[PDB]
Amino acid sequence: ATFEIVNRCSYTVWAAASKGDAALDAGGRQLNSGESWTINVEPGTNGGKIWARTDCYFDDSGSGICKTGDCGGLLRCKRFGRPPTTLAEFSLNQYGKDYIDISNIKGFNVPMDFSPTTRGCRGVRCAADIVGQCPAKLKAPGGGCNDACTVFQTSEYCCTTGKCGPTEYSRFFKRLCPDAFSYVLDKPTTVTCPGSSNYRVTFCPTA
């Protein structure tokens with residue numbers, strides 16, 4: 001499957017693509033403002049994610065530090081990144097269908113659209129100014145807006161035992177972006193697409 005990853009933000013982002021135990025394609029790339037990166041994601045990739053990282057720097061060997069979304073200090077991500085990260089999530093060719101969503105369960109850093117570039121399903125978008133509006137306790141000192149499970153680390157917000165419910169923090173993410181997941185047990189906003197669709201992930205999509 002083809003994924004085009006497009007940075008329309010005014011700031012540089014360092015895009016990342018991983019399925020948690022390995023890179024997808026080259027795993028990461030610097031995208032200056034306006035730049036696009038097209039990758040191939042192998043059919044059958046389950047649990048893939050694409051995200052932006054902000055405020056990074058790397059040496060000639062590809063090692064360094066990002067202020068949001070860092071993945072083990074690498075330019076070429078093998079594994080998932082540190083919150084806060086708006087997440088484009090996908091699992092492809094699963095019993096004939098692909099499944100896509102955007103999630104704020106790991107916080108929000110950069111506005112995102114994630115849409116098919118082939119026919120037959122909808123895209124999703126979370127492009128409100130969540131960082132500007134982020135409540136105080138969720139503001140991440142390196143920029144972006146943490147989710148409450150990262151900040152508070154109890155099942156009230158992390159949904160690991162019992163049956164968690166919304167909180168004012170999840171509802172903040174859900175109100176600003178109704179089509180993205182706001183906590184682990186939110187009503188699902190996943191879209192079923194034809195198997196073997198192609199996609200575009202756009203950072204700072206045009207309004």
# chains A, B, ... in the order shown; residues from 1 in each chain; ligands from 1

$ closest_atom_pairs --of "range 40-144 of chain A" --to "range 27-31 of chain A" --cutoff "12 Å" --atoms "only C-alpha atoms" --output "CSV"
residue,atom,partner,partner_atom,distance
A:40,CA,A:27,CA,10.8
A:41,CA,A:27,CA,10.5
A:48,CA,A:27,CA,11.1
A:49,CA,A:27,CA,10.4
A:50,CA,A:27,CA,9.2
A:51,CA,A:28,CA,9.5
A:52,CA,A:28,CA,9.3
A:53,CA,A:30,CA,9.2
A:54,CA,A:30,CA,10.0
A:55,CA,A:30,CA,10.8
A:56,CA,A:30,CA,9.2
A:57,CA,A:30,CA,9.9
A:58,CA,A:30,CA,10.2
A:62,CA,A:28,CA,10.0
A:63,CA,A:28,CA,11.8
A:66,CA,A:30,CA,11.6
A:69,CA,A:28,CA,11.4
A:70,CA,A:28,CA,10.8
A:71,CA,A:28,CA,9.7
A:73,CA,A:28,CA,11.6
A:74,CA,A:28,CA,8.4
A:75,CA,A:28,CA,5.7
A:76,CA,A:28,CA,4.3
A:77,CA,A:27,CA,4.5
A:78,CA,A:27,CA,6.3
A:79,CA,A:27,CA,8.8
A:80,CA,A:27,CA,10.2
A:81,CA,A:28,CA,11.2

$ residues_around --residues "residue 146 in chain A" --least-positions-apart "6" --cutoff "9 Å" --atoms "only C-alpha atoms" --output "list in words"
residues 83, 84, 85, 104, 105, 106, 107, 108, 109, 134, 137, 138, 139 and 140 of chain A

$ select_by_dssp --residues "range 19-194 of chain A" --states "alpha helix (DSSP H)" --output "list in words"
residues 130, 131, 132, 133, 148, 149, 150, 151, 152, 155, 156, 157, 158, 168, 169, 170, 171, 172, 173, 174, 175 and 176 of chain A

$ residues_around --residues "residue 172 in chain A" --least-positions-apart "4" --cutoff "12 Å" --atoms "only C-alpha atoms" --output "PyMOL selection string"
chain A and resi 104-105+107-108+128-131+133-136+138+145-148+166-168+176-178+180-183

$ select_by_dssp --residues "range 38-172 of chain A" --states "strand (DSSP E)" --output "ChimeraX atom specification"
/A:38-40,48-58,64-68,87-94,97-103,112-116,124-126

$ closest_residue --among "A:203, A:173, A:3, A:152" --to "residue 103 in chain A" --atoms "only C-alpha atoms"
A:173

$ decode --residues "range 138-174 of chain A" --atoms "N, CA, C and O atoms" --output "mmCIF file, in the first residue's frame"
data_model
loop_
_atom_site.group_PDB
_atom_site.id
_atom_site.type_symbol
_atom_site.label_atom_id
_atom_site.label_comp_id
_atom_site.auth_asym_id
_atom_site.auth_seq_id
_atom_site.Cartn_x
_atom_site.Cartn_y
_atom_site.Cartn_z
ATOM 1 N N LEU A 138 -2.298 19.116 31.508
ATOM 2 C CA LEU A 138 -1.888 18.285 30.378
ATOM 3 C C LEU A 138 -0.803 18.953 29.511
ATOM 4 O O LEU A 138 -0.279 18.287 28.632
ATOM 5 N N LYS A 139 -0.491 20.226 29.716
ATOM 6 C CA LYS A 139 0.541 20.829 28.871
ATOM 7 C C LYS A 139 1.867 20.093 29.044
ATOM 8 O O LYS A 139 2.319 19.852 30.186
ATOM 9 N N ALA A 140 2.504 19.681 27.998
ATOM 10 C CA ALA A 140 3.773 19.013 28.064
ATOM 11 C C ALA A 140 4.906 20.082 28.059
ATOM 12 O O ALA A 140 4.881 20.945 27.292
ATOM 13 N N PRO A 141 5.851 19.985 29.026
ATOM 14 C CA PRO A 141 6.876 21.028 29.005
ATOM 15 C C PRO A 141 7.690 21.202 27.695
ATOM 16 O O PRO A 141 8.083 22.312 27.382
ATOM 17 N N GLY A 142 7.889 20.135 26.924
ATOM 18 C CA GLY A 142 8.461 20.285 25.607
ATOM 19 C C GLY A 142 7.589 20.640 24.427
ATOM 20 O O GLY A 142 8.034 20.678 23.287
ATOM 21 N N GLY A 143 6.323 21.000 24.709
ATOM 22 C CA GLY A 143 5.325 21.341 23.680
ATOM 23 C C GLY A 143 4.313 20.166 23.514
ATOM 24 O O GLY A 143 4.585 19.004 23.865
ATOM 25 N N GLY A 144 3.164 20.534 22.990
ATOM 26 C CA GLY A 144 2.076 19.621 22.813
ATOM 27 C C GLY A 144 1.187 19.421 24.028
ATOM 28 O O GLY A 144 1.440 20.014 25.134
ATOM 29 N N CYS A 145 0.228 18.526 23.916
ATOM 30 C CA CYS A 145 -0.778 18.297 24.944
ATOM 31 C C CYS A 145 -0.851 16.841 25.302
ATOM 32 O O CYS A 145 -1.318 16.025 24.488
ATOM 33 N N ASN A 146 -0.370 16.460 26.493
ATOM 34 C CA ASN A 146 -0.410 15.087 26.945
ATOM 35 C C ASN A 146 -1.835 14.566 27.096
ATOM 36 O O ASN A 146 -2.738 15.336 27.506
ATOM 37 N N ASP A 147 -1.977 13.269 26.941
ATOM 38 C CA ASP A 147 -3.195 12.665 27.410
ATOM 39 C C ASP A 147 -3.153 12.481 28.962
ATOM 40 O O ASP A 147 -2.045 12.497 29.578
ATOM 41 N N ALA A 148 -4.322 12.299 29.596
ATOM 42 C CA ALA A 148 -4.342 12.168 31.040
ATOM 43 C C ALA A 148 -3.742 10.870 31.558
ATOM 44 O O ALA A 148 -3.248 10.881 32.701
ATOM 45 N N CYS A 149 -3.743 9.797 30.779
ATOM 46 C CA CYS A 149 -3.090 8.569 31.323
ATOM 47 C C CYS A 149 -1.592 8.767 31.471
ATOM 48 O O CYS A 149 -1.007 8.477 32.503
ATOM 49 N N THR A 150 -0.941 9.437 30.500
ATOM 50 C CA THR A 150 0.502 9.762 30.634
ATOM 51 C C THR A 150 0.763 10.583 31.851
ATOM 52 O O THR A 150 1.709 10.336 32.603
ATOM 53 N N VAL A 151 -0.116 11.569 32.090
ATOM 54 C CA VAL A 151 0.130 12.511 33.224
ATOM 55 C C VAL A 151 -0.159 11.811 34.568
ATOM 56 O O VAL A 151 0.656 11.968 35.520
ATOM 57 N N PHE A 152 -1.302 11.140 34.727
ATOM 58 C CA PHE A 152 -1.813 10.764 36.073
ATOM 59 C C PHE A 152 -1.503 9.283 36.344
ATOM 60 O O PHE A 152 -1.366 8.926 37.586
ATOM 61 N N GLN A 153 -1.448 8.428 35.343
ATOM 62 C CA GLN A 153 -0.949 7.027 35.485
ATOM 63 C C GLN A 153 -1.811 6.227 36.428
ATOM 64 O O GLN A 153 -1.281 5.334 37.154
ATOM 65 N N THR A 154 -3.097 6.457 36.397
ATOM 66 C CA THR A 154 -3.999 5.579 37.197
ATOM 67 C C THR A 154 -5.083 5.052 36.254
ATOM 68 O O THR A 154 -5.251 5.563 35.116
ATOM 69 N N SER A 155 -5.837 3.968 36.612
ATOM 70 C CA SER A 155 -6.746 3.392 35.642
ATOM 71 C C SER A 155 -7.927 4.300 35.380
ATOM 72 O O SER A 155 -8.552 4.202 34.273
ATOM 73 N N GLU A 156 -8.189 5.275 36.277
ATOM 74 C CA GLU A 156 -9.231 6.285 35.979
ATOM 75 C C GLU A 156 -9.032 6.858 34.554
ATOM 76 O O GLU A 156 -10.004 7.120 33.811
ATOM 77 N N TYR A 157 -7.781 7.082 34.214
ATOM 78 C CA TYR A 157 -7.440 7.706 32.932
ATOM 79 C C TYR A 157 -6.841 6.710 31.962
ATOM 80 O O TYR A 157 -6.885 6.906 30.735
ATOM 81 N N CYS A 158 -6.331 5.557 32.479
ATOM 82 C CA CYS A 158 -5.566 4.588 31.614
ATOM 83 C C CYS A 158 -6.407 3.396 31.224
ATOM 84 O O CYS A 158 -5.995 2.669 30.314
ATOM 85 N N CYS A 159 -7.496 3.140 31.939
ATOM 86 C CA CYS A 159 -8.438 2.073 31.488
ATOM 87 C C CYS A 159 -7.830 0.697 31.459
ATOM 88 O O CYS A 159 -8.031 -0.062 30.527
ATOM 89 N N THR A 160 -7.121 0.352 32.504
ATOM 90 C CA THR A 160 -6.448 -0.966 32.589
ATOM 91 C C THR A 160 -7.241 -1.940 33.460
ATOM 92 O O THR A 160 -7.102 -3.186 33.267
ATOM 93 N N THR A 161 -8.085 -1.426 34.346
ATOM 94 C CA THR A 161 -8.947 -2.316 35.224
ATOM 95 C C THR A 161 -10.363 -1.764 35.229
ATOM 96 O O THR A 161 -10.567 -0.618 34.840
ATOM 97 N N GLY A 162 -11.345 -2.558 35.676
ATOM 98 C CA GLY A 162 -12.714 -2.026 35.890
ATOM 99 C C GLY A 162 -13.234 -1.621 34.534
ATOM 100 O O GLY A 162 -12.968 -2.282 33.489
ATOM 101 N N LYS A 163 -13.958 -0.523 34.562
ATOM 102 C CA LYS A 163 -14.462 0.042 33.318
ATOM 103 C C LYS A 163 -14.391 1.560 33.431
ATOM 104 O O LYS A 163 -15.267 2.221 33.961
ATOM 105 N N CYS A 164 -13.333 2.132 32.878
ATOM 106 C CA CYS A 164 -13.142 3.610 32.982
ATOM 107 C C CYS A 164 -14.269 4.276 32.128
ATOM 108 O O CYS A 164 -14.879 3.654 31.246
ATOM 109 N N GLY A 165 -14.451 5.552 32.408
ATOM 110 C CA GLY A 165 -15.447 6.393 31.718
ATOM 111 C C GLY A 165 -14.736 7.618 31.221
ATOM 112 O O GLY A 165 -13.554 7.805 31.516
ATOM 113 N N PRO A 166 -15.444 8.495 30.554
ATOM 114 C CA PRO A 166 -14.828 9.737 30.162
ATOM 115 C C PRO A 166 -14.410 10.529 31.386
ATOM 116 O O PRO A 166 -14.998 10.447 32.487
ATOM 117 N N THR A 167 -13.461 11.420 31.206
ATOM 118 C CA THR A 167 -13.039 12.403 32.200
ATOM 119 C C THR A 167 -13.077 13.769 31.614
ATOM 120 O O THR A 167 -13.276 13.893 30.389
ATOM 121 N N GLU A 168 -12.914 14.859 32.375
ATOM 122 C CA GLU A 168 -12.929 16.177 31.694
ATOM 123 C C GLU A 168 -11.776 16.266 30.693
ATOM 124 O O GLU A 168 -11.897 17.010 29.703
ATOM 125 N N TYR A 169 -10.654 15.565 30.965
ATOM 126 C CA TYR A 169 -9.567 15.545 30.014
ATOM 127 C C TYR A 169 -9.907 14.779 28.707
ATOM 128 O O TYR A 169 -9.722 15.383 27.621
ATOM 129 N N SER A 170 -10.481 13.580 28.782
ATOM 130 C CA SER A 170 -10.880 12.935 27.551
ATOM 131 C C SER A 170 -11.921 13.770 26.806
ATOM 132 O O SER A 170 -11.897 13.855 25.577
ATOM 133 N N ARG A 171 -12.845 14.378 27.549
ATOM 134 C CA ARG A 171 -13.937 15.101 26.880
ATOM 135 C C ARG A 171 -13.408 16.328 26.175
ATOM 136 O O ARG A 171 -13.957 16.772 25.183
ATOM 137 N N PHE A 172 -12.333 16.926 26.692
ATOM 138 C CA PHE A 172 -11.638 18.066 26.027
ATOM 139 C C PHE A 172 -11.146 17.596 24.626
ATOM 140 O O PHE A 172 -11.473 18.230 23.598
ATOM 141 N N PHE A 173 -10.435 16.444 24.576
ATOM 142 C CA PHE A 173 -9.985 15.975 23.280
ATOM 143 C C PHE A 173 -11.181 15.647 22.349
ATOM 144 O O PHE A 173 -11.154 15.912 21.143
ATOM 145 N N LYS A 174 -12.232 15.044 22.928
ATOM 146 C CA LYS A 174 -13.401 14.593 22.128
ATOM 147 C C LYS A 174 -14.159 15.796 21.635
ATOM 148 O O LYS A 174 -14.700 15.749 20.509
#
